[PDB]
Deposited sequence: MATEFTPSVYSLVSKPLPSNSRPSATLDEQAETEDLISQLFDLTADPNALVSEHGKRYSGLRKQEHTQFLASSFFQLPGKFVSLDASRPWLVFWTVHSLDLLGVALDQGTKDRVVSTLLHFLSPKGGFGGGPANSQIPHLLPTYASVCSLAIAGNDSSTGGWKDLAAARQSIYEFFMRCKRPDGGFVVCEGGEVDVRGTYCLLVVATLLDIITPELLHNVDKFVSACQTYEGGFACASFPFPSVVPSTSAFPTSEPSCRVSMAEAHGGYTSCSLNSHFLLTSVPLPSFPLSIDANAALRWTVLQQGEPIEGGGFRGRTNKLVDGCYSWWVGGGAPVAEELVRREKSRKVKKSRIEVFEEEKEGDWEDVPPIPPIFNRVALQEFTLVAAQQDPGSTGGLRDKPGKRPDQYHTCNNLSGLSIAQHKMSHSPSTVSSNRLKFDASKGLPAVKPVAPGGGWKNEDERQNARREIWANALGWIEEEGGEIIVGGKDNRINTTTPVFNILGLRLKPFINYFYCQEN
């Protein structure tokens, strides 16, 4: 099972060649190679039957990470005021990490999480980064709030899910006010336009059953034009008028924006619209993904951009996009008519050896050695670790079984479109859309026998879902609630 995923300790560690041409990029790369390689030399090989005497043990310090998240969840020092507009992300990074770490919150803390997030919901639609009387709605906290309610909420009167159902029309109206004719979305009133907003919007729209043809128009074209010559995706694309005459990517292929673009495109493939979505170069996206996994000397972690440093948070962005890119490649090979595509072992070794905070300290996981751990890097490291530990794939047979059990006669009230002809043509088309979107959203499975837990089964964390990045045991009851399935 590990024949094509060699351990970093079993490979020769060599620095990036200089070609006798020094530069600032090589200076930071060589210094980063030294920091990571020294930490691996001080750490016992996780694949050893008995840990070596005199070296650090690389076991996942789950209780330290739990304590790190706990103290950062009940009180932030004033120095994190820069995150005052990102408090729903502080919730999601905390509650999703605890889900991955297998730590349960008591019902009293869950109710506080639900009540806090509902204070962030605006009556005119969408969640903000803080209380509704202080901050305007924003696409990114809307995703973080909806997903956090999926993790900490329930279907009772105090569970918060009934409040999301009652806000479906207003949230949809907020999404439509953000939409641009070219297919992009502003993240908020007067905000920027990039694929993060598209990803966050499409996830929430998929989960809450508020997808309409007018919401998705040109969204596929905006995302597809974000792909660069490297194979990955940039933050946004620019529409040149003569709807537009052409669209051009606006920056480098980036690990975060590649994840958002791959996930957005994947969510669009579930929508049964004619000649939709516009295709992407999946083979180039898969090639760019695997090329961002670092060499053994840098621990086998992922970098976010070509010729930049490896970062633990890209274990989720780039690593979690790999099953999506792999599935898109598989669909193209099937339309035109298996070893892991990235080193699942090396990525876990980077997480355990390099990404973990030094033992006996504050806990949490970090970007790199020498960087303070934070809630964001804790969540993304563990999310990428879950992808590496558990072989995830989108199963057509599972999607087919979901189609066979879907009840089109059950569901929440249809969304009223902004434009008169902005909705689905008839009820047969809308229910066919609800079925395909619901069935494909629940199509991700963990393949039996594909599990790889480096360092022993005590390092195992729970299985996250690609595209959504919440546990399947949270995703299924949540999306079933809003589609009225059981």
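Q: Deposited sequence versus model: which ranges have no CA atoms?
A: No C-alpha for residues 1, 244-254, 350-370, 520.
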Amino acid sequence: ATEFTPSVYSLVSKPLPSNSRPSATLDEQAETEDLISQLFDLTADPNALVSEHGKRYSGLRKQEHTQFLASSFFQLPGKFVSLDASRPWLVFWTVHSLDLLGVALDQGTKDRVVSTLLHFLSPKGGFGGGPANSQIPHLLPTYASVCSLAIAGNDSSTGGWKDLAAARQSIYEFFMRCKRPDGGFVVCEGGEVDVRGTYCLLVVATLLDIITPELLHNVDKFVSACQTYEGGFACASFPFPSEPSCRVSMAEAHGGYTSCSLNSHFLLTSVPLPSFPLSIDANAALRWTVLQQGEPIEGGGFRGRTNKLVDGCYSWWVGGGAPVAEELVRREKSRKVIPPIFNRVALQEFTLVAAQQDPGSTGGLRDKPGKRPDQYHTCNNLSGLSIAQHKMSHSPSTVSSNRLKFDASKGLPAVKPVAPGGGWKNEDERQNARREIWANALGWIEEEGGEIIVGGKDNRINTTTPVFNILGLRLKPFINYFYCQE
From here on, numbers count along this sequence of modelled residues.
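Heads up, when I say rigid core I mean the largest set of C-alphas that superpose within 1.5 Å between the two forms.
Q: Which of the two stretches, 359-367 or 71-79, moves more in 7 other deposited structures of this protein when the core is held fixed, judged by C-alpha RMS distance?
A: The answer is 71-79, which departs more from the shown form in 7 other deposited structures of this protein.
Q: So 52-60 or 432-440, which one's hotter by mean CA B-factor in the entry?
A: Averaging CA B-factors over each stretch, the winner is 52-60.
Q: Which has higher Cα B-factors on average according to the PDB entry: 132-140 or 77-85?
A: Averaged over C-alpha atoms, the B-factors run higher in 77-85.
Q: Among 373, 312, 244, 191, single out the one with the highest C-alpha B factor in the record, please.
A: Of the options given, 244 has the highest CA B-factor in the PDB entry.
Q: In terms of recorded Cα temperature factor, pick the maximum from 321, 197, 231, 369.
A: If I rank 321, 197, 231, 369 by C-alpha B-factor, first place goes to 369.
Q: Sorting the chain's modelled residues by C-alpha B-factor, tell me whether residue 292 ends up in the lowest, middle or highest third.
A: As the PDB entry reports it, the C-alpha B-factor of residue 292 lands in the lowest third of its chain.
Q: Just say lowest, middle or highest third for the CA B-factor of residue 470 relative to the other modelled residues in its chain.
A: Lowest third - that is where residue 470 ends up once the chain's C-alpha B-factors are sorted.
Q: Ranking the modelled residues of this chain by C-alpha B-factor as given in the entry, is residue 377 in the lowest, middle or highest third?
A: It belongs to the lowest third of the chain when residues are ordered by C-alpha B-factor.
Q: Of the three thirds of its chain by CA temperature factor, lowest, middle or highest, which one includes residue 43?
A: According to the entry, residue 43 has a C-alpha B-factor in the chain's middle third.
Q: Ordered by C-alpha B-factor within the chain, which third holds residue 4? Give me lowest, middle or highest, please.
A: For residue 4, the deposited C-alpha B-factor lands in the highest third.
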